[PDB]
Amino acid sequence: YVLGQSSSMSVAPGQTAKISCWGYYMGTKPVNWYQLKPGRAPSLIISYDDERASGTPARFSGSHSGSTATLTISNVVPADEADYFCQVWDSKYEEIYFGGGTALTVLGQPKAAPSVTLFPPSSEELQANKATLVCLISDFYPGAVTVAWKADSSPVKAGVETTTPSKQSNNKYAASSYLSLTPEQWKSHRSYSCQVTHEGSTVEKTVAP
């Protein structure tokens, strides 16, 4: 059984977010609220309807009326972007229920350009008869990027594996792209390039044997 919970939502900084929890089988059961941020384990932020845990700012407050409970977040800052979960204990049926979670995103975050680092194949990898080019892309916002590879000036049509962007702890994103070559392909071109496009601007880094 999954408690009902507010649809995921976007709140402008300084405004108030209200995340609600409800369900027939919630009733008067005291509600706990958990915060889940990237890179971190879940943490208890509000317990027993309205008690702030240590580390929980006065901006966070909990209420409960009828079979609805609400987590109210005042004076929202970008650090509050996270998934929030409600939870109760049913002592009749002896079950823990969780809510399905609510994603809070904070608007107005300025665009951040990716840092791009390209490494060539290592000498050791070439000795093992393989060749991997590694293009690392970090601290970009919003989390959407295009990655293209060039062999000399020709678009590479094969051998590319690229991650989907992953939110990091500062709420910017990271991604990685790997180009797999034979040593012979690596040595027979003058250069290879990783091209990274983000919000219509492009950075191209190039390495050569």
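Residue positions are given as counts along the sequence shown, with the first one as 1.
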Next on the checklist: Going by the mean C-alpha B-factor recorded in the entry, which is higher: 189-197 or 21-29?
Outcome noted: 21-29
Checklist entry - So 173-181 or 38-46, which one's hotter by mean CA B-factor in the entry? => result 38-46
Checklist entry - Per the coordinate record, which of the options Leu126, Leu104, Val76, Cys86 holds the highest CA temperature factor? => result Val76
Item to check | Among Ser166, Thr146, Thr56, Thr162 - the residue whose C-alpha B-factor is largest in the record | outcome: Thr56
Item to check | Within-chain third of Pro121 by Cα B-factor, per the entry | outcome: lowest
Checklist entry - Within this chain, which third does the Cα B-factor at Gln5 fall in: lowest, middle or highest? => result middle
Next on the checklist: Sorting by Cα B-factor within the chain, modelled residues only, which third would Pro155 end up in: lowest, middle or highest?
Outcome noted: middle
